[PDB]
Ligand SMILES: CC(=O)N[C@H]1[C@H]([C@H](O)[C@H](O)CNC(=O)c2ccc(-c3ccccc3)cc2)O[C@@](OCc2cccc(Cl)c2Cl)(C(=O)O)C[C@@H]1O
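Only one chain comes next, encoded as structure tokens, the form deposited without the ligand.
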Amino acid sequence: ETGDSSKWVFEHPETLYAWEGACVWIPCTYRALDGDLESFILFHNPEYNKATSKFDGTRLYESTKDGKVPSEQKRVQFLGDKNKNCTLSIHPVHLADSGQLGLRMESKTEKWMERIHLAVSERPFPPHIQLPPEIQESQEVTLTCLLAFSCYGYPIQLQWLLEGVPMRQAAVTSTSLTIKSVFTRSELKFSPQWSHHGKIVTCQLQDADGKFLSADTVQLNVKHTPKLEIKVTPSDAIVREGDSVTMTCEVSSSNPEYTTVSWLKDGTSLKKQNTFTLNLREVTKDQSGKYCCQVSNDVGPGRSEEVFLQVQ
């Protein structure tokens, strides 16, 4: 390395991702204080040789050879110019391209080697689902699927699935292919209910035709108030005076776990009744009415259905 960093400025994604058979599109801009370029060489994994004071390694593009040939056919194309643009294109990209790309540039009196890492996986890597840390029932959440890839030669699509079924909601797909970031994003608005807790949400990466490429899956953690099931003995809730009545309050689902329970009779809170079992001994005709239980967790309180107790 015999370069003066004050003579060069570069703006590019410092790491780009792709997979075998796809393509990579590398946005890149630069400014050379020493003037226009006189030569550009694209190395793959360059190594500086102290003997000849030169860089050894595989040359993927040479301005003196490839820059004189019709390049529309070529796999490796330099789409830049002499003063401001260093954009690269590799179509198709191969696993052997994985490593660091060496942008060897020379002005009239200055030389520089700008390095960009290219991570190519053998298989298409999965996207990444991003969820809010807190999801509760009846809340509208934006499901975000992020893929750190985008290239013009290889269009793709992100498909949202809920329990293996494509989601009916429309998704908004956005792409960025700039010197700052390269990604494909999909956003889907979605209002989960309590029944979506524990279900599987899938974001599939597909090609332009719809062939499966990869997928990321998340198991939804959906907070919800306790869903209650109330039972009464006797079953018909019809008694006569003096008999005993037992009502129980079962939590069929709660996220997070319940913390308290109370009982109500015709809208009136039953004091000293803070367990999941209500026992009425020697019932009078005044104890007739509509009974229900209420159970609360961190989300909020829930209520069971009403039992119409009748004292004949």
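Heads up, when I say rigid core I mean the largest set of C-alphas that superpose within 1.5 Å between the two forms. Numbers for residues come from their place in the sequence shown, where the first is 1.
Same protein, other form: the form deposited with the ligand bound, not shown, and the subject of what follows.
Using the site C-alpha superposition to carry the ligand over in the deposited bound form, what's the verdict for this chain: open, or blocked with 3+ ligand atoms inside 2.4 Å of backbone or C-beta?
In the deposited bound form, the ligand occupies a site that, on this form, turns out blocked once the ligand is superposed onto it.
Give a yes or no for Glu187: in the deposited bound form, does one of its heavy atoms lie within 4.5 Å of a heavy atom belonging to the ligand?
Contact with the ligand, no.
According to a 4.5 angstroms non-hydrogen atom cut-off, is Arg115 in contact with the ligand in the deposited bound form?
Within the cut-off, so yes.
Verify the contact flag for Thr142: yes if a non-hydrogen atom of it lies within 4.5 Å of a non-hydrogen atom of the ligand in the deposited bound form, no if not.
It does not: once the ligand is placed as it appears in the deposited bound form, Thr142 has no heavy atom within 4.5 Å of it.
Hey, in the deposited bound form, does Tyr258 get a heavy atom within 4.5 angstroms of the ligand?
Taking the distances in the deposited bound form, the answer for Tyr258 is no, it never comes within 4.5 Å of the ligand.
In terms of non-hydrogen atoms within 4.5 angstroms, which of the given stretches 273 to 281, 247 to 255, 47 to 55, 260 to 268 touches the ligand in the deposited bound form?
In the other structure, the partner sits against 47 to 55.
Which residue, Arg104, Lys227, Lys223, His196, has a heavy atom that falls within 4.5 Å of the ligand in the deposited bound form?
Flagged contact: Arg104.
Would you kindly say which of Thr233, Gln100, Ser191, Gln169 lies with a heavy atom within 4.5 Å of the ligand in the deposited bound form?
Only one option qualifies, and that one is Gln100.
Picking from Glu122, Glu241, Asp81, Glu134, which residue has its CA shift by 2 Å or more between this form and the one not shown, once the rigid core of the two forms is superposed?
It is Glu241.
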